[PDB]
Structures are given as C-alpha cells and as structure tokens.
Amino acid sequence: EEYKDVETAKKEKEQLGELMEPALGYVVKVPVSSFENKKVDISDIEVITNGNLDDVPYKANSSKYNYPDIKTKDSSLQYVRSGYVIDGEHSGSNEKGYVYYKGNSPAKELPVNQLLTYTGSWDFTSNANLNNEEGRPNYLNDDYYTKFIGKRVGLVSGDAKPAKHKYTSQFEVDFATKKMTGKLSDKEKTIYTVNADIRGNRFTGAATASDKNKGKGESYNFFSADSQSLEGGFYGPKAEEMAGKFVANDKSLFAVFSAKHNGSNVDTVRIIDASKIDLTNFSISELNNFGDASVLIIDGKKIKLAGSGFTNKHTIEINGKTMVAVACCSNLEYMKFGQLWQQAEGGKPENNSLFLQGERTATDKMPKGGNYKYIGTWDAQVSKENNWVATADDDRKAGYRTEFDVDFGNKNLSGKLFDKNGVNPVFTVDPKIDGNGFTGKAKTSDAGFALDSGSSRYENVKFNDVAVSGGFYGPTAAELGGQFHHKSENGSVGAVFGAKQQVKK
C-alpha cells in the first residue's frame with residue numbers, strides 16, 4: 001500500500017443547549033408586562049455578529065428615548081463590552097431598552113498555568129411581574145430612579161442609584177485545570193457565585209444565587225433563582241479579557257458581565273488555528289472561531305462543515321453575496337481546510353481564498369517520542385506569468401498528495417507536497433516542533449517547477465525560506481495541518497494542507 005490511516009475514535013458529537021451556543025455577543029430586550037399579561041419573562045435573546053465595541057446594540061432606537069442612557073465605555077477594555085441601552089425616564093408603552101455583552105478577537109491562545117483574576121462589572125434586567133402575589137416593591141426612592149420596581153417594566157441595573165448599588169464582578173481562572181470560579185457583588189454584598197469549565201475559548205457553567213429567599217415588598221430579592229445557563233468567552237488573542245451572560249432557570253433575570261485580568265507577560269499555549277489566505281493579494285487574516293474547526297464563520301454567518309464527500313461544497317448567501325466553500329476532509333475530525341470564493345449565479349468565481357481551521361492537541365497529550373508518517377492533501381495557488389493550483393483530492397497514488405515524517409523524540413518534522421502525476425514534490429518543508437505546533441520553512445527544488453505543465457514558455461518558479469507554520473490537532477495529535485504564503489516579483493504562493501497519522505500493514 002504500504003500505509004493506511006491510523007484507526008482513531010471519532011470525535012464525540014455534541015449538541016449544546018439552546019442557551020449555550022457561542023457567539024461574539026448577545027442582547028435582550030427589557031420585558032414589559034400589562035394588566036392583561038401580568039408576567040412577561042426573559043425571551044427573544046438575540047445573537048450579536050458585530051464585534052465593534054463602539055457600536056452599542058440598538059443605539060439608533062435610543063435617540064427616541066426620553067432620557068437615553070447608554071452605559072459608558074470602559075477605556076481599559078480592548079476586546080469586550082457589556083452594559084445596557086435604556087430610557088432613564090421611561091414612561092408609557094415605548095420600549096425600556098436592552099442589556100447586552102459583546103467581544104471581538106475570540107482567544108486563540110490561553111495562559112498555560114498562571115492563576116488569573118479577571119475584574120470588571122455585571123449588569124442585568126429582571127422580567128416584568130405585575131402579579132399582586134409576587135410582592136415586588138412599589139417605592140424605593142433611595143435605591144432606584146423609578147417606582148413599581150420590576151412590575152410593569154423589568155428592573156435594569158442602570159435604574160439603580162450608585163449611592164446604594166454598584167454591580168462589580170470578579171473571576172478567578174485556573175487555566176491548568178480549565179476551571180473558573182467567581183462572584184457577582186453589589187457593593188459589599190455577594191449576589192451570585194459562579195462556576196464554569198473552559199472548552200475552546202468559551203466557558204459554560206452555573207450561577208448560584210447567594211440569597212435563595214425571594215422575600216416580599218421592600219425586602220423583595222430580585223436575584224433568588226439559580227442559573228444553569230452561564231456561558232461566555234475569552235476575547236483578545238491571548239484571553240486578555242472575558243465576557244458572558246446567564247439566564248435564571250425561571251426566566252426572571254438576564255445577567256451580563258465583562259472583566260479583564262491583571263497579568264503581565266503571561267506565558268500562553270495555542271488552542272486554535274483559524275485563518276484565511278486571500279489569493280489575489282496573498283495576504284493572511286484571522287477568522288473568528290470558538291474551538292470547533294467544523295464551524296466556519298464568514299462575514300458573521302456560521303457555516304457547518306459536514307458532508308458525505310471527501311470534500312464538500314457549501315453555497316451560502318451572506319449579506320447579499322453568494323459564498324462558496326469547499327472543505328476537506330472526510331477523514332479529518334479536528335481540522336478543516338479548503339477553498340473559499342464568491343460566485344453569484346451568475347457563474348464566475350471571484351475573490352478566491354484558502355482557509356485552515358484546527359483544534360490544537362492539548363500539550364500534555366503530545367507524544368513524548370516515536371516516529372510517524374502522515375499522509376493527506378492540500379489546496380494551493382502558485383502564480384507568476386501563469387497560474388497553477390492544487391485541489392484537495394483522495395487519490396493517494398497520483399493526486400495532490402502530501403506526506404510528512406514526524407519525529408516527536410527529536411522534535412522534527414519534514415514534508416513533501418505534490419502536484420497531480422508529479423514524480424518529485426513541488427514543495428518540501430523542514431521545521432521544528434514546539435509543544436502542539438511546528439514552524440519552519442518551505443522551498444522548491446533547486447530547479448523549481450513549471451507553472452504550465454504543457455508549455456516550456458516561462459522560467460520555472462522557485463521559492464526559498466518561505467515561512468511555514470502549523471499544528472497538531474485532536475486528542476492524540478493524529479492530525480496535522482499548516483499553511484504558508486509568499487509574494488514577490490519572483491512568484492507568489494498560498495497553500496493550506498492537512499494530513500492523518502498512518503499505520504503500516
């Protein structure tokens with residue numbers, strides 16, 4: 001043969017609960033009830049797809065408010081924002097406003113082992129409950145800028161007078177154990193404790209109400225319900241900041257929070273690769289990714305990369321553009337790579353690009369030794385006077401093959417990338433393995449290769465010292481992938497590759 005894919009457990013399929021999907025952010029409307037429908041709960045939570053911290057959800061709506069009150073932007077926060085957009089002199093049937101969090105740059109590296117405290121604030125809206133039985137307070141003029149608290153209109157943190165209420169948050173993250181603990185406080189009183197586990201760049205868990213008694217009248221407690229729906233993310237390339245939300249299990253409260261750690265020169269490890277090489281410019285950009293390499297986010301919209309084929313085409317409309325992705329491969333579970341272009345129907349493919357996403361192997365799971373072969377394929381474009389392409393395929397004898405020898409003992413990797421029917425590879429790779437990744441150089445042979453395999457028309461393209469970088473993906477590092485690109489007068493290339501560990505016989 002003489003090699004075959006190593007048999008590996010398939011990735012355990014997961015379905016996250018309805019409140020537990022990762023997103024850049026979320027926003028909810030403050031509930032409003034009435035004599036006819038006296039209880040109105042948190043509902044209609046909406047995803048945010050805009051990571052720009054200067055744009056607050058529903059800002060335009062707020063121009064019509066009696067007293068627009070948009071919670072101020074904390075200048076020390078670079079990647080996250082949470083708060084509210086409310087009418088501070090709310091009256092009548094007009095809307096009260098919204099509570100939200102958002103972030104940009106979902107973390108692709110996490111701190112390795114430093115115990116880090118994130119400090120910040122939290123905000124909330126209650127539901128609306130006019131029921132006499134509920135016993136919500138009528139008059140608390142020293143506490144809030146409104147009356148009939150949480151009755152016809154949900155109570156918002158932005159209703160509270162700072163003399164009596166200040167909602168602050170603190171979280172302690174042990175990155176070594178992927179555990180988070182913390183407290184949401186009001187001045188010197190603990191209101192919730194929180195517990196979560198980290199997966200990818202997200203955390204999921206619970207908020208525990210510190211006072212389980214609702215009480216009644218002036219002593220009514222808005223924060224009596226627990227939540228099993230705490231979910232948030234680390235944002236900033238190295239998880240500098242965090243933001244998230246939870247919903248009370250009885251839908252009586254929606255809370256949001258954001259915070260930033262006080263660490264200096266923190267050592268980090270990679271968890272995610274997700275990038276795109278633009279094939280007109282041969283330039284690289286980051287993709288938003290939360291730790292699932294099979295979810296490809298394009299211009300805010302999620303594409304689920306699943307399919308029966310060795311590679312699968314996805315044609316999706318996003319903001320009035322028709323995007324096409326061809327993703328590889330059916331035999332890789334912890335990474336995806338392929339081609340992405342725009343093609344109206346219509347019928348001409350434009351703005352072609354490549355992408356690679358991977359879920360890095362935990363560094364404690366990297367083999368400490370052994371020698372292995374990896375085999376896979378690649379997608380690429382090479383350009384000079386002419387164009388040349390590699391298109392991912394599964395013909396392991398004659399196709400667009402890739403092969404790698406990996407020596408975990410000596411931390412060494414080398415590779416070969418082939419043209420279809422090619423005797424010798426068009427590119428070789430030589431690098432070093434550091435933890436769950438590798439970096440090195442790509443080059444052609446001394447004579448290089450011809451871009452049109454039919455004409456003797458132009459000089460062969462040649463490349464030397466082209467940066468290559470990539471990683472090991474999945475629980476046992478049985479998958480690897482990476483990318484390289486280069487642009488000059490002497491030729492251009494963009495290339496993404498992936499390969500599966502082999503076993504003999």
# chains A, B, ... in the order shown; residues from 1 in each chain; ligands from 1

call {"tool": "residues_around", "arguments": {"residues": "residue 269 of chain A", "least_positions_apart": "6", "cutoff": "8 Å", "atoms": "only C-alpha atoms", "output": "PDB file with C-alpha atoms, in the first residue's frame"}}
result
ATOM      1  CA  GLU A 109      -4.126  31.183  22.811  1.00  0.00           C
ATOM      2  CA  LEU A 110      -4.734  30.719  26.538  1.00  0.00           C
ATOM      3  CA  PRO A 111      -2.416  31.229  29.569  1.00  0.00           C
ATOM      4  CA  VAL A 112      -0.572  27.963  30.288  1.00  0.00           C
TER       5      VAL A 112
END

call {"tool": "closest_atom_pairs", "arguments": {"of": "segment 190-269 of chain A", "to": "segment 163-183 of chain A", "cutoff": "8 Å", "atoms": "only C-alpha atoms", "output": "CSV"}}
result
residue,atom,partner,partner_atom,distance
A:190,CA,A:183,CA,6.6
A:191,CA,A:183,CA,7.4
A:192,CA,A:183,CA,5.7
A:193,CA,A:183,CA,4.4
A:194,CA,A:182,CA,5.1
A:195,CA,A:181,CA,4.7
A:196,CA,A:180,CA,5.1
A:197,CA,A:179,CA,4.9
A:198,CA,A:178,CA,5.0
A:199,CA,A:178,CA,7.7
A:257,CA,A:169,CA,7.2
A:258,CA,A:169,CA,7.8
A:259,CA,A:169,CA,7.2

call {"tool": "write_last_selection", "arguments": {"atoms": "N, CA and C atoms", "output": "compact mmCIF listing (two decimals), in the first residue's frame"}}
result
# COMPACT_ATOMS: atom_id res chain seq x y z
N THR A 190 -22.35 39.80 48.36
CA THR A 190 -22.28 38.79 47.29
C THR A 190 -23.68 38.43 46.81
N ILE A 191 -23.89 38.46 45.49
CA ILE A 191 -25.22 38.24 44.95
C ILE A 191 -25.29 36.86 44.28
N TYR A 192 -24.26 36.51 43.50
CA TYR A 192 -24.12 35.19 42.94
C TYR A 192 -22.70 34.72 43.10
N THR A 193 -22.53 33.40 43.17
CA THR A 193 -21.23 32.84 42.90
C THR A 193 -21.35 32.14 41.57
N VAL A 194 -20.23 31.98 40.88
CA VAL A 194 -20.24 31.34 39.58
C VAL A 194 -19.16 30.20 39.49
N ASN A 195 -19.44 29.23 38.63
CA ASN A 195 -18.55 28.09 38.41
C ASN A 195 -18.69 27.74 36.96
N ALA A 196 -17.56 27.56 36.27
CA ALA A 196 -17.63 27.16 34.89
C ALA A 196 -16.41 26.35 34.48
N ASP A 197 -16.57 25.61 33.40
CA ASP A 197 -15.47 24.91 32.75
C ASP A 197 -15.17 25.49 31.37
N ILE A 198 -13.89 25.49 31.02
CA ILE A 198 -13.43 26.07 29.77
C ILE A 198 -13.37 24.98 28.68
N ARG A 199 -13.94 25.26 27.51
CA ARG A 199 -13.80 24.42 26.32
C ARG A 199 -13.54 25.38 25.15
N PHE A 257 -21.80 40.22 31.91
CA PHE A 257 -20.60 40.64 32.64
C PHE A 257 -19.44 40.76 31.68
N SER A 258 -18.47 41.58 32.06
CA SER A 258 -17.20 41.66 31.33
C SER A 258 -16.09 42.05 32.34
N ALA A 259 -14.86 41.62 32.06
CA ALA A 259 -13.78 41.78 33.01
C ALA A 259 -12.45 41.56 32.28

call {"tool": "residues_around", "arguments": {"residues": "segment 357-374 of chain A", "least_positions_apart": "4", "cutoff": "6 Å", "atoms": "only C-alpha atoms", "output": "PyMOL selection string"}}
result
chain A and resi 271-274+293+334-336+403-409+435-436+472-475+477+499-502

call {"tool": "atom_distance", "arguments": {"atom1": "atom CA of residue 108 of chain A", "atom2": "atom CA of residue 479 of chain A"}}
result
18.4 Å

call {"tool": "select_by_dssp", "arguments": {"residues": "segment 131-350 of chain A", "states": "strand (DSSP E or B)", "output": "number ranges by chain"}}
result
A: 144, 149, 153, 156, 160, 167-174, 179-186, 189-199, 202-209, 227-235, 241-247, 253-261, 268-270, 272-278, 283-286, 295-298, 301-304, 311-318, 321-328, 335-342, 350

call {"tool": "atom_distance", "arguments": {"atom1": "atom CA of residue 255 of chain A", "atom2": "atom CA of residue 106 of chain A"}}
result
20.5 Å

call {"tool": "residues_around", "arguments": {"residues": "residue 41 of chain A", "least_positions_apart": "4", "cutoff": "12 Å", "atoms": "only C-alpha atoms", "output": "VMD selection string"}}
result
chain A and resid 28 to 33 37 45 125 to 130 150 to 154 247 to 254

call {"tool": "write_last_selection", "arguments": {"atoms": "N, CA, C and O atoms", "output": "mmCIF file, in the first residue's frame"}}
result
data_model
loop_
_atom_site.group_PDB
_atom_site.id
_atom_site.type_symbol
_atom_site.label_atom_id
_atom_site.label_comp_id
_atom_site.auth_asym_id
_atom_site.auth_seq_id
_atom_site.Cartn_x
_atom_site.Cartn_y
_atom_site.Cartn_z
ATOM 1 N N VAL A 28 -30.646 41.313 24.831
ATOM 2 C CA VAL A 28 -32.047 41.067 25.084
ATOM 3 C C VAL A 28 -32.785 42.363 25.382
ATOM 4 O O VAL A 28 -32.212 43.308 25.963
ATOM 5 N N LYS A 29 -34.057 42.394 24.962
ATOM 6 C CA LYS A 29 -34.996 43.462 25.337
ATOM 7 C C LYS A 29 -35.488 43.335 26.782
ATOM 8 O O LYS A 29 -35.763 42.219 27.290
ATOM 9 N N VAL A 30 -35.562 44.483 27.457
ATOM 10 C CA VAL A 30 -36.074 44.524 28.824
ATOM 11 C C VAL A 30 -37.603 44.187 28.688
ATOM 12 O O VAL A 30 -38.290 44.815 27.882
ATOM 13 N N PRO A 31 -38.091 43.165 29.412
ATOM 14 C CA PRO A 31 -39.509 42.787 29.337
ATOM 15 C C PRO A 31 -40.442 43.863 29.889
ATOM 16 O O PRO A 31 -40.119 44.545 30.858
ATOM 17 N N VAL A 32 -41.616 43.945 29.291
ATOM 18 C CA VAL A 32 -42.682 44.848 29.705
ATOM 19 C C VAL A 32 -43.992 44.031 29.770
ATOM 20 O O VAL A 32 -44.329 43.315 28.829
ATOM 21 N N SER A 33 -44.669 44.087 30.899
ATOM 22 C CA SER A 33 -45.913 43.344 31.083
ATOM 23 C C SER A 33 -47.097 44.313 31.001
ATOM 24 O O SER A 33 -46.911 45.472 30.645
ATOM 25 N N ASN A 37 -51.539 40.637 30.509
ATOM 26 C CA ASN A 37 -50.441 39.651 30.627
ATOM 27 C C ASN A 37 -49.516 40.161 31.675
ATOM 28 O O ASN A 37 -48.594 40.908 31.344
ATOM 29 N N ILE A 45 -33.815 36.309 23.164
ATOM 30 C CA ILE A 45 -32.399 36.686 23.225
ATOM 31 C C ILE A 45 -31.808 36.645 21.801
ATOM 32 O O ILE A 45 -32.058 35.687 21.060
ATOM 33 N N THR A 125 -31.161 42.624 33.547
ATOM 34 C CA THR A 125 -32.562 43.080 33.553
ATOM 35 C C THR A 125 -33.411 42.000 34.213
ATOM 36 O O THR A 125 -33.162 40.804 33.993
ATOM 37 N N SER A 126 -34.347 42.390 35.077
ATOM 38 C CA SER A 126 -35.300 41.369 35.556
ATOM 39 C C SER A 126 -36.400 41.142 34.516
ATOM 40 O O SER A 126 -36.422 41.767 33.453
ATOM 41 N N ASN A 127 -37.290 40.185 34.781
ATOM 42 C CA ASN A 127 -38.507 40.108 33.991
ATOM 43 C C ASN A 127 -39.507 41.138 34.540
ATOM 44 O O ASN A 127 -39.158 41.887 35.480
ATOM 45 N N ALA A 128 -40.722 41.163 33.971
ATOM 46 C CA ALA A 128 -41.804 42.066 34.397
ATOM 47 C C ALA A 128 -42.923 41.241 35.035
ATOM 48 O O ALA A 128 -43.466 40.328 34.397
ATOM 49 N N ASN A 129 -43.261 41.553 36.279
ATOM 50 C CA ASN A 129 -44.302 40.786 37.002
ATOM 51 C C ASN A 129 -45.185 41.700 37.790
ATOM 52 O O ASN A 129 -44.794 42.177 38.865
ATOM 53 N N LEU A 130 -46.384 41.911 37.254
ATOM 54 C CA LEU A 130 -47.389 42.782 37.867
ATOM 55 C C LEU A 130 -48.283 42.075 38.875
ATOM 56 O O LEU A 130 -49.101 42.730 39.541
ATOM 57 N N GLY A 150 -39.719 46.451 38.787
ATOM 58 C CA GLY A 150 -39.890 45.186 38.097
ATOM 59 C C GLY A 150 -41.332 44.761 37.878
ATOM 60 O O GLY A 150 -41.587 43.594 37.531
ATOM 61 N N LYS A 151 -42.279 45.698 38.037
ATOM 62 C CA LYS A 151 -43.697 45.347 37.900
ATOM 63 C C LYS A 151 -44.161 45.397 36.475
ATOM 64 O O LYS A 151 -44.088 44.385 35.774
ATOM 65 N N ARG A 152 -44.590 46.564 35.993
ATOM 66 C CA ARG A 152 -44.920 46.663 34.594
ATOM 67 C C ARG A 152 -43.692 46.589 33.670
ATOM 68 O O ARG A 152 -43.786 46.137 32.521
ATOM 69 N N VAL A 153 -42.549 47.024 34.190
ATOM 70 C CA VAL A 153 -41.316 47.122 33.387
ATOM 71 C C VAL A 153 -40.156 46.446 34.122
ATOM 72 O O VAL A 153 -39.936 46.690 35.317
ATOM 73 N N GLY A 154 -39.375 45.638 33.413
ATOM 74 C CA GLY A 154 -38.263 44.940 34.062
ATOM 75 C C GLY A 154 -37.364 45.959 34.746
ATOM 76 O O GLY A 154 -37.141 47.048 34.196
ATOM 77 N N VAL A 247 -28.889 33.182 32.204
ATOM 78 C CA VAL A 247 -30.345 33.391 32.376
ATOM 79 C C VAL A 247 -30.851 32.584 33.572
ATOM 80 O O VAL A 247 -30.551 31.380 33.681
ATOM 81 N N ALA A 248 -31.617 33.222 34.467
ATOM 82 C CA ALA A 248 -32.211 32.496 35.607
ATOM 83 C C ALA A 248 -33.032 31.293 35.073
ATOM 84 O O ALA A 248 -33.675 31.401 34.002
ATOM 85 N N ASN A 249 -33.011 30.176 35.800
ATOM 86 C CA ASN A 249 -33.716 28.980 35.375
ATOM 87 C C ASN A 249 -35.244 29.197 35.255
ATOM 88 O O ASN A 249 -35.862 28.576 34.429
ATOM 89 N N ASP A 250 -35.812 30.135 36.013
ATOM 90 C CA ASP A 250 -37.232 30.507 35.860
ATOM 91 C C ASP A 250 -37.420 31.734 34.951
ATOM 92 O O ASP A 250 -38.501 32.337 34.943
ATOM 93 N N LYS A 251 -36.402 32.098 34.166
ATOM 94 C CA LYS A 251 -36.510 33.240 33.224
ATOM 95 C C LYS A 251 -36.838 34.613 33.864
ATOM 96 O O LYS A 251 -37.344 35.501 33.190
ATOM 97 N N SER A 252 -36.499 34.786 35.131
ATOM 98 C CA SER A 252 -36.786 36.038 35.865
ATOM 99 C C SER A 252 -35.620 37.053 35.844
ATOM 100 O O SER A 252 -35.753 38.147 36.380
ATOM 101 N N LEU A 253 -34.488 36.668 35.260
ATOM 102 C CA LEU A 253 -33.296 37.527 35.244
ATOM 103 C C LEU A 253 -32.372 37.149 34.106
ATOM 104 O O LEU A 253 -32.222 35.954 33.786
ATOM 105 N N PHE A 254 -31.795 38.173 33.465
ATOM 106 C CA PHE A 254 -30.769 38.022 32.432
ATOM 107 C C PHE A 254 -29.615 38.872 32.884
ATOM 108 O O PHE A 254 -29.766 40.071 33.051
#

call {"tool": "closest_residue", "arguments": {"among": "A:496, A:6, A:155, A:209", "to": "residue 276 of chain A", "atoms": "only C-alpha atoms"}}
result
A:496

call {"tool": "select_by_dssp", "arguments": {"residues": "segment 76-289 of chain A", "states": "helix (DSSP H, G or I)", "output": "list in words"}}
result
residues 132, 133, 134, 157, 158, 159, 217, 218 and 219 of chain A

call {"tool": "write_last_selection", "arguments": {"atoms": "C-alpha atoms", "output": "PDB file, in the first residue's frame"}}
result
ATOM      1  CA  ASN A 132     -50.005  41.162  43.378  1.00  0.00           C
ATOM      2  CA  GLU A 133     -48.960  37.773  44.722  1.00  0.00           C
ATOM      3  CA  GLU A 134     -45.333  38.267  43.583  1.00  0.00           C
ATOM      4  CA  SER A 157     -29.034  47.601  36.744  1.00  0.00           C
ATOM      5  CA  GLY A 158     -28.996  51.055  35.058  1.00  0.00           C
ATOM      6  CA  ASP A 159     -32.037  52.028  37.128  1.00  0.00           C
ATOM      7  CA  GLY A 217     -42.426  44.144  49.454  1.00  0.00           C
ATOM      8  CA  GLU A 218     -39.463  46.413  50.314  1.00  0.00           C
ATOM      9  CA  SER A 219     -37.216  43.445  51.036  1.00  0.00           C
TER      10      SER A 219
END

call {"tool": "residues_around", "arguments": {"residues": "residue 466 of chain A", "least_positions_apart": "6", "cutoff": "8 Å", "atoms": "only C-alpha atoms", "output": "NGL selection string"}}
result
:A and (441-443 or 484-486)

call {"tool": "residues_around", "arguments": {"residues": "residue 216 of chain A", "least_positions_apart": "3", "cutoff": "7 Å", "atoms": "only C-alpha atoms", "output": "PyMOL selection string"}}
result
chain A and resi 135-136+219-220

call {"tool": "write_last_selection", "arguments": {"atoms": "N, CA and C atoms", "output": "short mmCIF file (atom, residue, chain, number, x, y, z; two decimals), in the first residue's frame"}}
result
data_model
loop_
_atom_site.label_atom_id
_atom_site.label_comp_id
_atom_site.auth_asym_id
_atom_site.auth_seq_id
_atom_site.Cartn_x
_atom_site.Cartn_y
_atom_site.Cartn_z
N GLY A 135 -45.34 40.24 45.01
CA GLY A 135 -44.88 41.12 46.07
C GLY A 135 -43.65 41.96 45.74
N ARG A 136 -43.54 42.39 44.49
CA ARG A 136 -42.44 43.27 44.09
C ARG A 136 -42.65 44.65 44.69
N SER A 219 -38.33 44.35 50.93
CA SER A 219 -37.22 43.45 51.04
C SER A 219 -37.19 42.39 49.89
N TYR A 220 -38.02 42.55 48.86
CA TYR A 220 -38.05 41.62 47.73
C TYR A 220 -36.65 41.49 47.13
#

call {"tool": "atom_distance", "arguments": {"atom1": "atom CA of residue 186 of chain A", "atom2": "atom CA of residue 23 of chain A"}}
result
27.4 Å

call {"tool": "closest_residue", "arguments": {"among": "A:320, A:470, A:233, A:437", "to": "residue 495 of chain A", "atoms": "only C-alpha atoms"}}
result
A:470

call {"tool": "closest_residue", "arguments": {"among": "A:184, A:42, A:297, A:256", "to": "residue 355 of chain A", "atoms": "only C-alpha atoms"}}
result
A:297

call {"tool": "residues_around", "arguments": {"residues": "segment 377-383 of chain A", "least_positions_apart": "6", "cutoff": "6 Å", "atoms": "only C-alpha atoms", "output": "compact mmCIF listing (two decimals) with N, CA and C atoms, in the first residue's frame"}}
result
# COMPACT_ATOMS: atom_id res chain seq x y z
N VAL A 389 -2.65 25.43 -9.69
CA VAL A 389 -3.46 25.13 -8.49
C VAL A 389 -3.31 23.67 -8.04
N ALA A 390 -3.43 23.50 -6.73
CA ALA A 390 -3.58 22.22 -6.10
C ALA A 390 -5.01 22.19 -5.57
N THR A 391 -5.74 21.13 -5.89
CA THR A 391 -7.11 20.97 -5.44
C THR A 391 -7.28 19.67 -4.67
N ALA A 392 -7.62 19.76 -3.38
CA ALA A 392 -7.68 18.62 -2.46
C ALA A 392 -8.40 17.41 -3.08
N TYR A 400 -2.97 15.13 -5.56
CA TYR A 400 -2.32 16.24 -4.85
C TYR A 400 -1.97 15.77 -3.44
N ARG A 401 -0.94 14.94 -3.37
CA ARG A 401 -0.55 14.26 -2.15
C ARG A 401 0.25 15.18 -1.21
N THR A 402 0.13 14.94 0.09
CA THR A 402 1.13 15.47 1.00
C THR A 402 1.60 14.32 1.85
N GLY A 491 7.50 35.39 -7.93
CA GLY A 491 6.40 34.44 -7.83
C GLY A 491 5.65 34.53 -6.52
N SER A 492 4.42 34.06 -6.52
CA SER A 492 3.54 34.09 -5.32
C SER A 492 3.02 32.69 -5.01
N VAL A 493 2.76 32.43 -3.73
CA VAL A 493 2.06 31.19 -3.35
C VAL A 493 1.17 31.37 -2.12
N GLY A 494 0.06 30.65 -2.10
CA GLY A 494 -0.77 30.47 -0.90
C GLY A 494 -1.12 28.98 -0.84
N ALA A 495 -0.97 28.36 0.33
CA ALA A 495 -1.11 26.93 0.40
C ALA A 495 -1.65 26.58 1.77
N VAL A 496 -2.64 25.68 1.82
CA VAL A 496 -3.07 25.08 3.10
C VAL A 496 -3.03 23.57 2.99
N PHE A 497 -2.63 22.89 4.05
CA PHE A 497 -2.51 21.43 3.98
C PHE A 497 -2.98 20.73 5.26

call {"tool": "closest_residue", "arguments": {"among": "A:147, A:315, A:417, A:19", "to": "residue 228 of chain A", "atoms": "only C-alpha atoms"}}
result
A:19
